Amino acid sequence: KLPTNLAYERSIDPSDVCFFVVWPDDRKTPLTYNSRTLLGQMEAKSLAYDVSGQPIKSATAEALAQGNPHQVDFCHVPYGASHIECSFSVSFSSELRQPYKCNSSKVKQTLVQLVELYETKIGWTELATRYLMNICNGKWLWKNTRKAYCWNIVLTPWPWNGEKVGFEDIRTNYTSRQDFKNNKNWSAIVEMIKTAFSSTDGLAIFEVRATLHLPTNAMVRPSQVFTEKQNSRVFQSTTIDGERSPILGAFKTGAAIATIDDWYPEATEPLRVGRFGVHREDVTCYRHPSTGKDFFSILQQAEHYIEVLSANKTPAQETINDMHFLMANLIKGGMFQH
Amino acid sequence: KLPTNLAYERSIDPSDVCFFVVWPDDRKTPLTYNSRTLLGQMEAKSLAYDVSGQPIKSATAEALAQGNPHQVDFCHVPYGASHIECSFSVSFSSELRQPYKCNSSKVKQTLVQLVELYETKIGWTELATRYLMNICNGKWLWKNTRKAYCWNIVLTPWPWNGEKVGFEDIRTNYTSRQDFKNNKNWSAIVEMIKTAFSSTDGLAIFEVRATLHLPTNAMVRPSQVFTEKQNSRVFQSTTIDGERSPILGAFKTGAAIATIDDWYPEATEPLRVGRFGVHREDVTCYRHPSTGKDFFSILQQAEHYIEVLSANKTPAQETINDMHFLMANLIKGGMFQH
Amino acid sequence: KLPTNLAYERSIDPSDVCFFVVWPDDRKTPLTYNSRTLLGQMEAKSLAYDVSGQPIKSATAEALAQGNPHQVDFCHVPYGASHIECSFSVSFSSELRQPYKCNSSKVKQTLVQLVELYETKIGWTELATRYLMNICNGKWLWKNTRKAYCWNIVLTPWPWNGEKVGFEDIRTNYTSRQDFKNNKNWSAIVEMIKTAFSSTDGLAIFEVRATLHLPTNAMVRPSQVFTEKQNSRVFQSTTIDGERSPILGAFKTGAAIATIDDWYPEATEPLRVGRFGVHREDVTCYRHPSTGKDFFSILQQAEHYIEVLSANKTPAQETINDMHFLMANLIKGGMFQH
Amino acid sequence: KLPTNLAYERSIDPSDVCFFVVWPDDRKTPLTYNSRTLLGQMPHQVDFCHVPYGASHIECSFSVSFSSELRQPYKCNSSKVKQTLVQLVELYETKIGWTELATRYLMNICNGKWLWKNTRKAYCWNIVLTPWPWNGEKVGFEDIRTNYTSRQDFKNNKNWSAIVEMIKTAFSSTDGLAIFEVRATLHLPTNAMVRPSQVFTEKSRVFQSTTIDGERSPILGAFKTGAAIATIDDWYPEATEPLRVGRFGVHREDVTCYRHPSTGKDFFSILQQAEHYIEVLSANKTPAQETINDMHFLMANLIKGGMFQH
Amino acid sequence: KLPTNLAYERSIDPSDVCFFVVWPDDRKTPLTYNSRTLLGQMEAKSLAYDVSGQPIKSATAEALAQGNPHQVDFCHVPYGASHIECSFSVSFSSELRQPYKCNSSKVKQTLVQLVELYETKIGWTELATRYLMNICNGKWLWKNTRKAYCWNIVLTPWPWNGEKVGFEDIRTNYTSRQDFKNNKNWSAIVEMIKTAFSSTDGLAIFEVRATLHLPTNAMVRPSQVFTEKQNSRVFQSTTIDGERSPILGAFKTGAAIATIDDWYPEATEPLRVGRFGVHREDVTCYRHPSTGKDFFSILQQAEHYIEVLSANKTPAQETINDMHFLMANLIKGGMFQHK
Amino acid sequence: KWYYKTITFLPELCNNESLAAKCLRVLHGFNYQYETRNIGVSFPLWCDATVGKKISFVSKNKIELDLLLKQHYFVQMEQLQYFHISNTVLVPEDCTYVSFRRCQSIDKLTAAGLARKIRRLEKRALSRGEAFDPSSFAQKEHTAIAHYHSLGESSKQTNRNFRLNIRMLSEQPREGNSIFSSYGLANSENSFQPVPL
RNA sequence: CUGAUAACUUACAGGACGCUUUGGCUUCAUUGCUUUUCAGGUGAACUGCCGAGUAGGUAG
């Protein structure tokens with residue numbers, strides 16, 4: 001098990017988000033941010049508490065009231081704008097079929113068998129719908145959808161012979177899974193993820209654009225650059241027409257549409273599909289190797305799952321929920337070396 | 001307590017205040033400012049007194065006469081203008097029910113339960129009234145309200161189905177809570193700030209429009225920039241129709257509507273709801289950790305405050321006045337992790 | 001004393017004095033100036049004098065007979081104009097009671113007690129009558145009163161419930177103090193400055209309109225820009241109805257209605273109320289800190305000046321005259337922190 | 001002496017001389033000119049201003065105002081030479097009165113010297129000036145080629161007693177004032193040349209013009225028609241002609257300056273001897289060749305005053 | 001056999017594939033990349049497993065969440081651009097006839113005679129057809145063709161008396177070998193390579209230009225540097241207009257056009273023409289010396305291969321397949337010394 | 001078929017207008033003993049300013065042209081080396097046809113001239129009606145002209161210093177034979193007869 | 001008159017697979033720029049007549 005050279009290539013390749021300001025003229029100029037310096041007050045817990053008493057009298061009532069400057073990047077909708085237009089493109093492929101490197105023709109045929117048996121027994125409908133529900137409900141916008149009037153999504157797939165798929169205000173209309181099943185849109189875009197995962201050298205290139213109606217000069221929240229170590233909030237940017245513009249990530253927009261993992265010990269909310277099911281908010285990672293429900297302890301029982309996927313009927317709590325996780329983990333996959 | 005990773009996200013998201021000069025022609029122009037140079041007298045105390053006696057004769061009676069030239073930014077109402085129109089948007093959200101990061105899932109329970117017990121026992125009427133009174137009495141204009149004839153405030157809430165709630169001339173009409181708490185207007189828009197804070201995925205967006213009637217070419221006082229270290233008094237500005245115009249802050253109009261804290265040792269004036277209770281004018285901060293009434297001296301005994309909010313009744317001196325300060329700092333919150 | 005962070009906000013906020021030309025049709029246009037170039041003769045002291053001898057033969061009868069040209073801004077009354085109308089607005093508030101920043105509540109409490117003792121012992125009648133004898137006799141025109149036939153001042157106060165206050169031809173009628181101290185026009189508008197200085201939240205706004213009758217094509221003298229070092233004598237101007245026009249300044253007309261200081265050692269003529277009693281014409285300064293009657297030498301004796309306001313009676317030679325000056329400096333200035 | 005900041009302010013404040021055409025129906029339209037530029041086949045603009053055909057006469061309206069801004073300097077810097085200069089002026093006031101300078105300033109107002117060249121080849125011209133403060137009727141000077149030539153022609157009964165005094169009060173009385181509104185009527189011949197003031201243009205004949213009743217008119221300067229009524233200085237070494245009261249008695253049309261700093265009769269050597277000039281005015285009597293003729297110039301230069309710094 | 005010194009030169013000389021971003025105005029700028037730092041999870045098997053049991057009490061649930069940063073070069077098409085143009089040149093020559101160095105005039109005459117018999121008996125058609133079929137279907141771009149709408153390949157051959165050879169939309173049209181054999185220019189560029197192999201001092205240069213329609217700000221994948229012993233994923237670059245541009249390599253786009261070898265024992269996928277038939281997908285090399293089908297078990301039999309190439313008739317499965325593989329190795333090869 | 005005898009003003013310091021004026025004055029003085037309206041003026045190197053240092057005399061029959069230079073004026077000038085004269089050369093048919101017309105509407109723009117025009121209009125108000133108000137006229141604001149390059153002629157019967165001013169328009173390379181005038185000309189009210197330069 | 005006098009270093013090459021950096025913020029009090037000024041067409045391009053003529057022509 002784990003034959004020292006085992007790697008998978010990713011199956012979903014999203015691109016960077018582009019923020020445009022649409023004016024009442026229906027002309028589009030790129031969103032631009034500025035850098036402003038601002039005066040905060042001494043609010044840090046470790047300026048008047050050592051551990052866990054009161055410090056030397058250099059931090060008295062006089063020196064705790066001296067305002068300290070920070071510097072931040074401020075991005076907002078300009079005054080007299082109609083709405084913001086967020087445009088990106090995502091590409092579903094079939095690179096989850098064969099491993100990129102295998103090293104041994106014993107795990108290779110095992111994994112290729114396991115994909116084919118999952119494809120045959122319990123098809124791509126569950127995963128395809130889960131991946132497509134948060135391409136079309138604007139999860140990829142992250143924080144801008146909160147404190148917004150309404151946001152509409154229009155996407156143009158390829159190959160396609162018809163009219164653009166349009167989900168209008170996704171706050172009142174589209175809430176639940178069933179609500180996404182309108183008669184003339186949804187049933188033919190789940191397909192081309194099922195026949196672009198299953199078939200060899202299959203493809204589907206969605207081009208998605210969301211319109212955001214925000215209140216008067218409200219803040220837009222893009223993605224911030226790391227800066228390994230006064231400046232908080234240094235926004236990630238690209239040049240459009242010689243003007244710098246805030247971007248909202250390339251990997252962040254991929255880590256948004258892949259928040260589908262709610263098949264873990266209990267179930268509160270979907271996590272980002274990882275090997276050890278890491279929750280970044282509550283810093284304790286659920287699905288620890290100690291439980292034996294992590295990726296590396298499920299993969300090593302692969303030979304078990306090929307026996308269960310050849311007889312009636314797979315119990316939809318231990319087997320199906322683990323096959324979903326296996327295949328959803330092979331979809332972003334790479335790399336299981338040790 | 002204070003478990004090394006604990007941040008809150010703010011609940012109230014205000015924005016920039018765009019100043020628009022409005023003429024008798026029912027047309028609007030962006031208020032413009034100009035960098036004006038001027039000639040002050042030698043009036044600094046350090047010019048003619050060293051420490052703390054008398055200067056030797058390089059600072060003679062003629063050396064204190066040559067006027068020192070300054071360069072400031074002057075912004076005034078143009079002659080033949082009708083009034084000034086100040087437009088900004090404020091957004092109340094439900095981002096105080098759960099900490100952003102927690103690190104320990106035993107102190108998540110305490111803070112979650114604490115907000116639930118505060119809600120059910122001593123509801124959101126007090127804080128919502130104290131927040132909205134600052135929005136509707138023109139605290140966010142700061143100094144333009146003084147030396148003005150009359151100023152009207154009209155705000156459009158959302159979601160809403162009726163007339164824009166018009167607060168007419170606010171000097172003679174609305175001075176106290178009971179002048180605000182009258183019939184047609186107030187009780188309907190103090191709920192929707194309760195149902196914003198109380199309910200999960202709750203949101204209320206007010207767009208506030210104020211009209212100032214100042215005297216003939218009177219001075220407008222916007223917010224000034226920091227410049228971290230001749231030109232003193234540089235105004236913070238944004239560009240409307242490719243014309244620069246002063247702004248009156250974004251974090252300044254958040255500091256304005258959250259001047260509530262009059263539950264502090266004595267009780268003189270509403271302070272800005274901070275941790276160590278910094279008074280900017282009288283530099284000495286009330287709620288110094290020596291008092292044991294600051295945020296960290298109140299939070300680290302939260303397990304006391306879960307006992308008191310069960311038994312009937314609660315005392316409004318050293319329980320409710322602390323729980324108000326607690327929720328006031330969870331609404332502004334982030335970050336108090338030590 | 002002088003506790004390293006003491007500031008006061010000004011208590012009299014004037015405005016710019018906009019010039020208009022009114023024609024015999026009772027229609028008004030902005031007074032517009034032009035920039036003309038003129039041919040002066042070489043009459044500078046150091047063009048035929050070194051220090052202070054006679055030069056090399058470069059100041060020969062040819063050299064001092066070449067006309068040196070200047071470019072200056074010429075503003076005059078257009079031919080066929082009826083009269084000139086000058087208009088501004090002044091605001092009397094109570095921002096001298098409480099200092100803006102104090103830093104130490106032992107000099108703050110002193111100065112609030114000192115204002116309260118001055119108010120109750122020797123009230124605001126002296127400073128009010130002095131500050132209103134500069135608004136009502138046209139001192140804020142500065143130079144346009146020399147070589148004028150008659151100038152009438154019509155001022156519209158607020159709050160007011162009646163007619164307008166109008167002082168007719170001010171060369172014959174209103175010469176002395178008693179000439180201003182007549183029937184309908186002094187007992188009622190000296191009060192409302194005293195109630196706007198003594199009361200908290202106190203306010204009194206006057207809109208003043210002066211009518212100048214100048215002779216045919218008479219030269220009008222507005223204020224000038226500083227231009228921190230050809231074009232010398234460049235006018236301060238603002239735009240009215242698209243046309244540029246000269247303005248006579250905002251800070252110049254604050255130093256017109258604050259030229260009341262004749263309480264300096266002996267007496268000559270009223271100065272502008274400065275710390276170091278600076279005269280501009282005589283470029284020496286009266287109240288040089290050696291004499292011990294500048295602002296800081298009088299301020300530091302505050303605890304002395306309280307004890308003199310204990311019982312009857314206040315001496316009108318060196319206490320009333322000094323406390324007048326002290327309060328006159330609290331009205332104007334800030335900041336005196338060192 | 002010359003204490004690095006010394007500035008006086010002018011007492012004579014003239015205005016612009018607005019030209020007007022009177023037709024035979026008693027209606028007055030502003031005199032308008034034309035400007036020709038030559039566009040040589042592939043800028044140089046010349047202006048022409050003649051009196052239009054069928055014009056009755058030409059009105060020339062301006063206002064001069066005598067003030068008391070020669071008693072105290074505007075900036076002094078040192079109050080040692082201040083009381084010297086205030087004493088000097090009030091000694092001159094008391095000893096040898098303001099009659100000479102007043103008459104000399106009022107002659108070249110009331111004879112049309114300020115018209116410069118527009119009096120040449122003119123049949124007759126009449127000057128009416130309205131004074132203030134005044135109590136009665138307009139002082140009118142009829143045809144000023146035949147009637148008024150010398151001083152004694154001006155010193156007649158019903159005019160000259162009451163307008164030379166009121167200039168003397170306007171110089172003596174602190175916050176004193178006199179405002180004369182002067183109006184001259186030129187009876188120029190059929191399509192005669194009018195010569196107004198010409199604008200600078202650093203390197204030919206483009207005039208100085210202002211807009212009256214929506215249309216441009218030539219103006220005859222403000223500092224030109226002030227420099228015309230102050231062509232008074234003829235106390236320079238011997239005498240040929242009255243000059244402009246400068247410091248170095250500068251001639252224009254001829255490019256030399258009488259009263260050089262070398263000859264010791266210019267406003268800087270005569271000034272610095274003031275403390276001596278206080279001596280000779282203390283006791284009788286002043287020799288009217290080096291004393292009165294210099295004190296006239298000193299006071300005539302104070303009325304043009306500003307600045308005598310360093 | 002293998003006479004201690006024996007070297008062949010290259011007969012296919014490819015170049016660096018210069019990327020250009022072309023705007024709707026048809027002005028071409030170079031493509032540009034940037035090293036952006038990013039924050040990843042603790043996803044490695046090393047961080048939570050010894051072998052193959054359970055970790056020490058230092059890989060705790062909190063310790064497996066403190067995300068670790070990396071620094072990766074990111075190249076993408078800029079917003080509002082029309083398409084991407086990729087330009088390079090292949091140069092076919094006649095340096096497969098005689099060995100560059102040989103040392104012994106016994107194997108030299110053998111190898112020259114063997115080339116002459118393979119030339120006259122079997123065609124250059126097979127190798128030239130297999131070579132040209134992946135200069136003209138965009139194998140030389142590797143992964144830029146995948147997740148792309150359409151790519152068009154225009155090549156300017158030399159020597160040439162006429163027009164430009166064009167290949168339009170390559171996903172529906174040019175799929176199979178017959179689709180290449182269609183109308184006009186194909187029958188002359190499978191020729192002139194056989195002239196470039198048959199004729200002594202023969203030469204054929206083909207300059208190739210490909211247009212790529214990628215989606216809006218799509219990811220572009222160039223070739224990466226080695227860095228032997230922090231920036232993981234550093235892109236190979238060159239200077240255009242005094243600014244740096246990603247390059248896609250010389251030897252990478254020579255390893256694309258030289259993917260002929262599908263005669264290795266049975267067949268799954270065409271490999272790089274190596275000696276021991278090394279595969280990269282699975283890290284086991286097919287056609288290695290325990291099978292006796294490597295380049296040193298076939299060359300030592302070269303004399304035997306002459307005796308079959310003279311008489312009728314060569315069976316097209318074992319002998320012809322190995323003669324193809326010999327000549328595929330001779331074109332690429334150098335040097336067969338030991339030592 | 002035309003001929004010309006050129007005259008060049010030699011001595012390198014000369015106001016060419018003052019010379020060309022008297023040269024055209026003696027051409028004006030010519031053809032008054034004999035009423036002949038035949039000969040042109042032909043300024044050859046007419047520059048942007050300063051008319052050139054020679055003048056050609058393109059003519060009619062040529063019995064006049066030679067006779068035009070036999071006036072005892074050009075003879076009495078010749079004893080001093082002022083002028084240098086050519087030998088009556090044929091005109092080449094490849095030549096520019098420029099018209100040297102005296103405009104005379106340039107002096108309808110001077111105020112002295114506009115006074116004359118209004119005074120004329122006032123005298124012939126005897127074409128009865130309302131005798132027009134002479135205050136209803138304005139020397140425009142920018143009466144702009146090009147190029148006119150004037151001379152300095154003087155009257156002979158009266159002591160009036162009149163000034164005639166010539167322009168340089170070119171068209172239509174053949175017209176009439178000739179018609180001209182006293183002052184040489186290319187203007188005379190009917191023909192725009194150009195000059196072979 | 002050179003550590004002198006002579007000198008071919010060549011052949012072949014796939015670095016690739018995977019990635020969320022984010023939470024919070026009050027720059028603000030005070031202000032007099034002023035004093036005095038010549039751009040200069042010697043006389044000079046005029047007076048008619050035709051035109052209903054601020055259109056345009058023309059003599060001297």
# chains A, B, ... in the order shown; residues from 1 in each chain; ligands from 1

call {"tool": "residues_around", "arguments": {"residues": "residue 80 (chain C)", "least_positions_apart": "3", "cutoff": "9 Å", "atoms": "only C-alpha atoms (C1' of nucleotides)", "output": "compact mmCIF listing (two decimals) with N, CA, C and O atoms, in the first residue's frame"}}
result
# COMPACT_ATOMS: atom_id res chain seq x y z
N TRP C 23 -26.27 97.22 -10.11
CA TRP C 23 -26.46 98.24 -11.17
C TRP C 23 -27.72 99.05 -10.88
O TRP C 23 -28.52 98.65 -10.04
N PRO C 24 -27.93 100.22 -11.54
CA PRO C 24 -29.19 100.96 -11.42
C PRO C 24 -30.49 100.24 -11.80
O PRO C 24 -31.54 100.82 -11.58
N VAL C 77 -14.35 99.30 -9.72
CA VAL C 77 -15.82 99.39 -9.95
C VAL C 77 -16.04 99.66 -11.44
O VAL C 77 -15.45 100.58 -11.98
N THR C 216 -16.46 107.21 -9.10
CA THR C 216 -16.37 106.73 -10.51
C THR C 216 -15.06 105.96 -10.72
O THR C 216 -13.99 106.55 -10.48
N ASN C 217 -15.15 104.69 -11.15
CA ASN C 217 -14.01 103.80 -11.52
C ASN C 217 -13.05 103.61 -10.34
O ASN C 217 -11.90 103.19 -10.59
N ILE D 212 -17.49 98.76 -21.45
CA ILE D 212 -18.63 99.63 -21.02
C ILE D 212 -19.84 99.29 -21.89
O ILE D 212 -19.71 99.33 -23.13
N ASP D 213 -20.98 98.97 -21.26
CA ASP D 213 -22.27 98.64 -21.92
C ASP D 213 -22.08 97.46 -22.89
O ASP D 213 -22.69 97.49 -23.98

call {"tool": "residues_around", "arguments": {"residues": "region 33-40 of chain C", "least_positions_apart": "6", "cutoff": "8 Å", "atoms": "only C-alpha atoms (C1' of nucleotides)", "output": "ChimeraX atom specification"}}
result
/C:67-76,245-246 /D:199-200 /G:37-39

call {"tool": "residues_around", "arguments": {"residues": "residue 215 (chain D)", "least_positions_apart": "4", "cutoff": "9 Å", "atoms": "only C-alpha atoms (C1' of nucleotides)", "output": "list in words"}}
result
residues 30, 32, 210 and 211 of chain D

call {"tool": "select_by_dssp", "arguments": {"residues": "region 19-199 of chain C", "states": "alpha helix (DSSP H)", "output": "MDAnalysis selection string"}}
result
chainID C and resid 108:121 125:135 194:198

call {"tool": "closest_atom_pairs", "arguments": {"of": "chain G", "to": "chain C", "cutoff": "10 Å", "atoms": "only C-alpha atoms (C1' of nucleotides)", "output": "Markdown table"}}
result
| residue | atom | partner | partner_atom | distance |
| --- | --- | --- | --- | --- |
| G:28 | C1' | C:7 | CA | 9.6 |
| G:29 | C1' | C:7 | CA | 5.9 |
| G:30 | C1' | C:334 | CA | 5.3 |
| G:31 | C1' | C:251 | CA | 6.7 |
| G:32 | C1' | C:252 | CA | 4.6 |
| G:33 | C1' | C:226 | CA | 5.3 |
| G:34 | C1' | C:224 | CA | 8.6 |
| G:36 | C1' | C:40 | CA | 8.6 |
| G:37 | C1' | C:40 | CA | 4.2 |
| G:38 | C1' | C:39 | CA | 7.2 |
| G:39 | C1' | C:39 | CA | 7.0 |

call {"tool": "interface_residues", "arguments": {"of": "chain B", "to": "chain E", "cutoff": "12 Å", "atoms": "only C-alpha atoms", "output": "list in words"}}
result
residues 5, 102, 103, 104 and 105 of chain B

call {"tool": "interface_residues", "arguments": {"of": "chain B", "to": "chain A", "cutoff": "7 Å", "atoms": "only C-alpha atoms", "output": "PDB file with C-alpha atoms, in the first residue's frame"}}
result
ATOM      1  CA  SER B  15     -19.396  53.481   4.656  1.00  0.00           C
ATOM      2  CA  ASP B  16     -18.107  56.866   3.268  1.00  0.00           C
ATOM      3  CA  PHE B  88     -24.070  57.121   3.544  1.00  0.00           C
ATOM      4  CA  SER B  89     -25.258  53.467   4.027  1.00  0.00           C
ATOM      5  CA  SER B  91     -25.705  47.523   7.428  1.00  0.00           C
ATOM      6  CA  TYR B 100     -14.812  33.922  13.770  1.00  0.00           C
ATOM      7  CA  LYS B 101     -12.052  31.619  15.193  1.00  0.00           C
ATOM      8  CA  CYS B 102     -12.313  29.941  18.679  1.00  0.00           C
ATOM      9  CA  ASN B 103      -9.450  27.308  18.933  1.00  0.00           C
ATOM     10  CA  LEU B 203     -29.626  41.459   7.745  1.00  0.00           C
ATOM     11  CA  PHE B 226      -2.872  60.818   8.964  1.00  0.00           C
ATOM     12  CA  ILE B 240     -16.956  61.713  -8.069  1.00  0.00           C
ATOM     13  CA  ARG B 275     -11.744  47.670  25.706  1.00  0.00           C
ATOM     14  CA  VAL B 278     -10.187  55.520  25.998  1.00  0.00           C
ATOM     15  CA  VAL B 283      -6.667  61.699  27.704  1.00  0.00           C
ATOM     16  CA  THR B 284      -6.913  59.520  30.926  1.00  0.00           C
ATOM     17  CA  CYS B 285      -8.917  56.319  30.033  1.00  0.00           C
ATOM     18  CA  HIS B 288      -8.313  51.012  33.218  1.00  0.00           C
ATOM     19  CA  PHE B 336      -8.903  39.382  21.925  1.00  0.00           C
ATOM     20  CA  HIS B 338      -3.668  37.452  23.974  1.00  0.00           C
TER      21      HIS B 338
END

call {"tool": "residues_around", "arguments": {"residues": "residue 54 (chain F)", "least_positions_apart": "6", "cutoff": "7 Å", "atoms": "only C-alpha atoms (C1' of nucleotides)", "output": "VMD selection string"}}
result
chain F and resid 6 to 9

call {"tool": "closest_atom_pairs", "arguments": {"of": "chain D", "to": "chain C", "cutoff": "9 Å", "atoms": "only C-alpha atoms", "output": "Markdown table"}}
result
| residue | atom | partner | partner_atom | distance |
| --- | --- | --- | --- | --- |
| D:2 | CA | C:45 | CA | 8.6 |
| D:5 | CA | C:283 | CA | 8.6 |
| D:13 | CA | C:219 | CA | 8.3 |
| D:14 | CA | C:218 | CA | 7.8 |
| D:15 | CA | C:217 | CA | 5.5 |
| D:16 | CA | C:217 | CA | 6.1 |
| D:17 | CA | C:217 | CA | 8.5 |
| D:18 | CA | C:79 | CA | 7.9 |
| D:61 | CA | C:216 | CA | 8.0 |
| D:62 | CA | C:216 | CA | 6.3 |
| D:63 | CA | C:216 | CA | 5.7 |
| D:64 | CA | C:215 | CA | 8.7 |
| D:65 | CA | C:147 | CA | 6.5 |
| D:66 | CA | C:147 | CA | 8.3 |
| D:67 | CA | C:147 | CA | 7.5 |
| D:73 | CA | C:281 | CA | 8.4 |
| D:74 | CA | C:281 | CA | 6.0 |
| D:75 | CA | C:281 | CA | 4.5 |
| D:76 | CA | C:282 | CA | 5.5 |
| D:77 | CA | C:283 | CA | 4.6 |
| D:78 | CA | C:282 | CA | 7.0 |
| D:79 | CA | C:282 | CA | 7.3 |
| D:132 | CA | C:149 | CA | 8.4 |
| D:133 | CA | C:149 | CA | 8.8 |
| D:175 | CA | C:146 | CA | 8.4 |
| D:177 | CA | C:147 | CA | 6.9 |
| D:178 | CA | C:147 | CA | 7.9 |
| D:179 | CA | C:147 | CA | 7.2 |
| D:180 | CA | C:215 | CA | 9.0 |
| D:181 | CA | C:216 | CA | 7.3 |
| D:199 | CA | C:37 | CA | 7.5 |
| D:200 | CA | C:37 | CA | 6.4 |
| D:201 | CA | C:37 | CA | 8.3 |
| D:208 | CA | C:36 | CA | 9.0 |
| D:210 | CA | C:78 | CA | 8.6 |
| D:211 | CA | C:78 | CA | 8.2 |
| D:212 | CA | C:79 | CA | 6.5 |
| D:213 | CA | C:80 | CA | 8.4 |
| D:223 | CA | C:38 | CA | 8.3 |
| D:246 | CA | C:43 | CA | 7.2 |
| D:247 | CA | C:43 | CA | 6.1 |
| D:248 | CA | C:43 | CA | 7.3 |
| D:250 | CA | C:65 | CA | 6.0 |
| D:251 | CA | C:65 | CA | 7.1 |
| D:252 | CA | C:65 | CA | 7.1 |
| D:254 | CA | C:65 | CA | 8.8 |
| D:255 | CA | C:65 | CA | 5.6 |
| D:256 | CA | C:61 | CA | 5.1 |
| D:257 | CA | C:61 | CA | 5.3 |
| D:258 | CA | C:61 | CA | 7.8 |
| D:260 | CA | C:61 | CA | 7.0 |
| D:261 | CA | C:48 | CA | 6.9 |
| D:262 | CA | C:54 | CA | 7.9 |
| D:268 | CA | C:45 | CA | 8.0 |
| D:307 | CA | C:44 | CA | 7.7 |
| D:308 | CA | C:45 | CA | 6.2 |
| D:309 | CA | C:45 | CA | 6.6 |
| D:310 | CA | C:45 | CA | 5.4 |

call {"tool": "residues_around", "arguments": {"residues": "residue 175 (chain C)", "least_positions_apart": "4", "cutoff": "12 Å", "atoms": "only C-alpha atoms (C1' of nucleotides)", "output": "list in words"}}
result
residues 133, 134, 136, 137, 138, 167, 168, 169, 170, 171, 179, 180 and 181 of chain C

call {"tool": "write_last_selection", "arguments": {"atoms": "C-alpha atoms", "output": "compact mmCIF listing (two decimals), in the first residue's frame"}}
result
# COMPACT_ATOMS: atom_id res chain seq x y z
CA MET C 133 -18.60 97.36 17.35
CA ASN C 134 -16.25 95.78 14.68
CA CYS C 136 -21.40 96.94 12.82
CA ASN C 137 -18.92 99.75 11.73
CA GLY C 138 -17.33 97.85 8.74
CA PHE C 167 -27.01 100.85 10.66
CA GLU C 168 -27.26 103.72 8.06
CA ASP C 169 -24.33 105.99 6.86
CA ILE C 170 -21.45 105.07 9.30
CA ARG C 171 -19.18 108.18 9.16
CA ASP C 179 -23.87 106.37 19.08
CA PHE C 180 -24.22 102.50 18.83
CA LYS C 181 -25.89 102.28 22.33

call {"tool": "residues_around", "arguments": {"residues": "residue 329 (chain B)", "least_positions_apart": "6", "cutoff": "8 Å", "atoms": "only C-alpha atoms (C1' of nucleotides)", "output": "list in words"}}
result
residues 273, 274, 275 and 295 of chain B

call {"tool": "interface_residues", "arguments": {"of": "chain G", "to": "chain E", "cutoff": "12 Å", "atoms": "only C-alpha atoms (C1' of nucleotides)", "output": "list in words"}}
result
residues 10, 11, 12, 13, 14, 15, 16, 17, 18, 19, 20, 21 and 22 of chain G

call {"tool": "interface_residues", "arguments": {"of": "chain D", "to": "chain G", "cutoff": "6 Å", "atoms": "only C-alpha atoms (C1' of nucleotides)", "output": "JSON, numbers by chain"}}
result
{"D": [7, 200, 224, 306]}
